[PDB]
Structures are given as structure tokens and as C-alpha cells.
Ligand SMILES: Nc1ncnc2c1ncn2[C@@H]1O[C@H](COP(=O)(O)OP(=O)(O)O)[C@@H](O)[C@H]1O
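One chain comes next, on its own, written as C-alpha cells: the form deposited without adenosine-5'-diphosphate.
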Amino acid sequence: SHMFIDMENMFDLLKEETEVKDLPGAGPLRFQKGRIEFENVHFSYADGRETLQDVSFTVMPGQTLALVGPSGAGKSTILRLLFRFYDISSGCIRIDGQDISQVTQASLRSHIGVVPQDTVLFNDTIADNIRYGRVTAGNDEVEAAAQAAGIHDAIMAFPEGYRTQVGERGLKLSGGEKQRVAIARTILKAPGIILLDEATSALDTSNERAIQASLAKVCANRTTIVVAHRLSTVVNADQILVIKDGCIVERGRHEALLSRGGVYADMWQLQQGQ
């Protein structure tokens, strides 16, 4: 009775469901101020396998939103979806009012800077590693980005300055320097949206404070979603979402969630100690 199925049509429908492609005639995202909306977003990667369930939130332009909660794939799935690394199973994600699945992924990604937990360094010069943020940038901009991220002086001390080979087959950068490369990349991109996934490791007190300050500074005036581990990041966020098992179980600013006296407050009391 499936003698009437058109195999070509099944393959066309498979392709729609399973591949992240631009719609025919998709135009550029019209980026204004970087308002983000998730509306009733679900993400499931098979039958029963739901990693985000009915997730809704709004991040107003320039604001920061911290994602917190126990270990789980939900928090970083939210970052992936905003980047359209996957399509959503249902609901809608919008930037500046526009459904991000209806625009070119290229245009979408041009406005988003990702700062991952682990900084990818290529087997290339330190100049070109920073330049990776925006390949078109002149040497002077690369320098100013390095200067602003606080690694210019270190690079000067490098055996070949900006032409110093780094990465796996190059000079070993410290964890601080590596992180600052990520920041300089982001400065060079100048995106309107930042997706930050905080590292679980930490550096010395002095460096941590300095890096946390640089990060705070590059996120200034930019719409920011962060998968947060540091208390300072959460205390300072415009809004906090507590995610457990793919659900937003509570939300608000730090002080409001403490006085609410739920899951977040319990976590805070546990971290404080007797």
C-alpha cells in the first residue's frame, strides 16, 4: 500500500528535518539591538529524548542572562540553538523579532561571538590566531585587540613577537594567555551578541580577577547569554535561569531568587557553609 510513496519526496523531507540548511531565498538577519526571545522552545533528538522542554525567556538588548543549575546538556543546548547549530523541535527563537531559522545562518553568525570553555589555538602565528575573530582585520586592529585583552605586552616578550608560532606545534601559552586570545578574537569580531560558556577550572586570584574583569568589559553593552560557574557572574546578571532536566524551574535576579527561598537559595546556602 506504500506502492504510492515517492522516494525522492521522502529524501526531500528527510533533508528538511535533519539538516540545518537556509530556507530558499532566506535574506540577512536585520540586526538592530540584539533582543533575544525563546518562545515555548522544545529540543528533542529522538522519541522520548527531550533535552529542553517548553523553554521561554526574553533577554532585552545589552542585558545579560546567566544559565545555572546542575550538570546537564540543557544549558549549553540553549547556546547551540541560538547559534542554530541544531534546529528546534518546536517553539520559536527570535532575534530582534525575527525567526532565526528563516534567515541566512551566515548572517545570523556574523552578529554572535562565542567564547567557549576551551580556547582552540591553531598551529599559526599569534597574530593570525587573534585575527581569526575577523579575518579581514589589519595588523593595527589585531594589535589594539591584543592591547585591550591585555596580552599585547606578553606577545612583545615572545621570541618572534606577533609572528610567534603558537598552538600545539608552537610556543606554549599559559591558561591566562589562552583565555585572553579568545577575548581578543571577540573584540575583533565586535558582535552584538555574546555566548559565553565559563570554564570550570580557575587561575590564580590575580589573573582570575583580571580575566573576569576583561570578560565583564567585552560583554558590556552587548546582549549576553552565559552558562555560568562563577558566583560573581551570577550575582551580577540581569536575569538568572535555573535549569533542571531541560526545564526552567525558577528565574529572576540574584537577590530576588535568594529571597524566594527555593532551589537557587538552597544552592547559595550550601556554597556559603555553616
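The term rigid core refers to the maximal set of C-alpha atoms that superpose within 1.5 Å between the two forms. For every residue, the number given is its place in the sequence shown, counted from 1.
One more form of this protein should be noted, the form solved in complex with adenosine-5'-diphosphate, which is absent from this view; the next part is about it.
Figure legend: unbound chain with adenosine-5'-diphosphate modelled from its position in the deposited complex by local C-alpha superposition. Site blocked, with three or more ligand atoms within 2.4 Å of backbone or C-beta atoms. From the list 231-239, 65-73, 205-213, 22-30, the contact stretch for adenosine-5'-diphosphate in the deposited complex under a 4.5 Å heavy atom rule is 65-73. Of the heavy atoms in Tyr132, none are within 4.5 Å of adenosine-5'-diphosphate in the deposited complex. When adenosine-5'-diphosphate is considered in the deposited complex, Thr77 lines it closely, a heavy atom lying within 4.5 Å. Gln53 falls outside the set of residues with a heavy atom inside 4.5 Å of adenosine-5'-diphosphate in the deposited complex. Among residues of the shown chain, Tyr86 is one whose heavy atoms approach adenosine-5'-diphosphate to within 4.5 Å in the deposited complex. A displacement of less than 2 angstroms separates the C-alpha positions of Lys21 between this form and the one not shown, with the rigid core held in common.
In the core-superposed comparison between this form and the one not shown, the C-alpha atom of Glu255 has shifted by less than 2 angstroms. Relative to the superposed core, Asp266 undergoes a C-alpha shift smaller than 2 Å between this form and the one not shown. Relative to the shown form, the CA atoms of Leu13 and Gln98 are pushed 3 Å or more farther apart in the deposited complex. In the deposited complex, the Cα-Cα separation between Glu17 and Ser56 grows by 3 Å or more relative to the displayed conformation.
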